[PDB]
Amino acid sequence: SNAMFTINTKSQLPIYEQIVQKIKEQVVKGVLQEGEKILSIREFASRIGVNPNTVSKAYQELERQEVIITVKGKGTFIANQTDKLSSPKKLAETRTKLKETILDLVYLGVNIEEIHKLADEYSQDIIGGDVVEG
């Protein structure tokens, strides 16, 4: 029930990571909702034309990050989103990534004003439009 998406084989991001990040973004958009059943590893691999082992790797990483949950013989679902406590360690690691990225941009001559602008643009692209039912 995930929406199909673009995969870029020349990206710096491995295919499995692209899958992880697109699923995450779709949850952020509300395109995928808590409890929603998504495609099985094999169904998904078959549909997008990707190595099933690559999709398995992505789903394992998604479950590790608690984005999805697998219930044996029942399927794979989007995990609890409402009252989840974000992993402090993941938050810490992600803040470090933000810091390092800002250092890289600043070194390359991008000023903080331009960085705020980019952050707004990317934030808006991630949040997307709006999805409803009924």
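Quick note: we count residues from 1 along the sequence shown, nothing fancier.
- The deposited model assigns a higher average Cα B-factor to 73-81 than to the other stretch when 98-106 and 73-81 are compared.
- The question of which stretch, 25-33 or 84-92, has the higher mean Cα B factor is settled in favour of 84-92.
- In this PDB entry, the Cα temperature factor of residue 112 sits in the top third of its chain's modelled residues, the highest group.
- The PDB entry assigns residue 118 a C-alpha temperature factor belonging to the middle third of its chain's modelled residues.
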